[PDB]
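In the block that follows, a single chain appears as structure tokens, in the form deposited without the named molecule.
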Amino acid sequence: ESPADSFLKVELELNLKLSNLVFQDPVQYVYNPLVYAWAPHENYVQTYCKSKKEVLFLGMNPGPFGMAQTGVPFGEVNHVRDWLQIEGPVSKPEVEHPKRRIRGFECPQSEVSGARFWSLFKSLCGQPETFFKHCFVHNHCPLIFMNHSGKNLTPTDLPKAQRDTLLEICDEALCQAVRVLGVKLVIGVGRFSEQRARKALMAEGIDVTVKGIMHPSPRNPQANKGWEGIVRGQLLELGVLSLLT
């Protein structure tokens, strides 16, 4: 029937476990847009997760100008507002670094990764209902981390102690999400997410295939030479273009 409500419950219980973790060392700021940007996030799930899915795209964690602002995965402001047509009130984290303030849908910066991601599907699928008929998008981890100067820290940059515990907790929620959605294929966006999903799903004995595509980050020089062209070819090879229409 509709996985939306259960998906949101997975996420709220995940938030509960993450709220009791204590980060140290180089980590000096932690944001969770599933707290302060819950409203647009809930709107995204209720609008686009009304039925069981064939394919899940999985990213690592929010980027600073995307999901950190909008609550939506790969959630670059223009594409979220104008194509996905998702809105909602956004408040702020308890402790903000001044170079990484949350302005929500008034953030003037584009998250390049997110702009690339949604531009691909806007071009391929035309309308959002066409993409979400059989697909969904989610991140392994909802937290974003920064050091003293506001520089982003990936989950892999974290001290080994906190890193392993964080990711194990996230593995467990990912497994629940995969089952709630009923997906037969998980596509990891980037190597970290592809490899982490394969490992997490194997550790709980779920027989869902896991593949990957190239991540759109402009820190990847390959992605700056024609990301969209590369990933169209990769999606053709995975045999999912018919689902995407």
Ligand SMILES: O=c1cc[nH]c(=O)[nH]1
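Residue positions are given as counts along the sequence shown, with the first one as 1.
Keep in mind that the form solved in complex with the named molecule is not shown, yet the notes after this line are about it.
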item: Accessibility of shown form to the named molecule in the entry with it bound, site-C-alpha superposition, 2.4 Å backbone/C-beta rule; value: open
item: Residue contact check: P73 to the named molecule in the entry with it bound, 4.5 Å heavy atom; value: yes
item: The named molecule contact in the entry with it bound: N32, any heavy atom under 4.5 Å; value: no
item: 4.5 angstroms heavy atom contact with the named molecule in the entry with it bound for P40; value: no
item: Contact label in the entry with it bound: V186 to the named molecule, heavy atom within 4.5 Å; value: no
item: Candidate from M60, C49, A197, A177 lying within 4.5 Å of the named molecule in the entry with it bound - any heavy atom; value: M60
item: In the entry with it bound, segment of 23-31, 178-186, 206-214, 63-71 with a heavy atom within 4.5 Å of the named molecule; value: 63-71
item: Interface residues of 116-155 toward the named molecule, as seen in the entry with it bound [heavy atoms, 4.5 Å]; value: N139
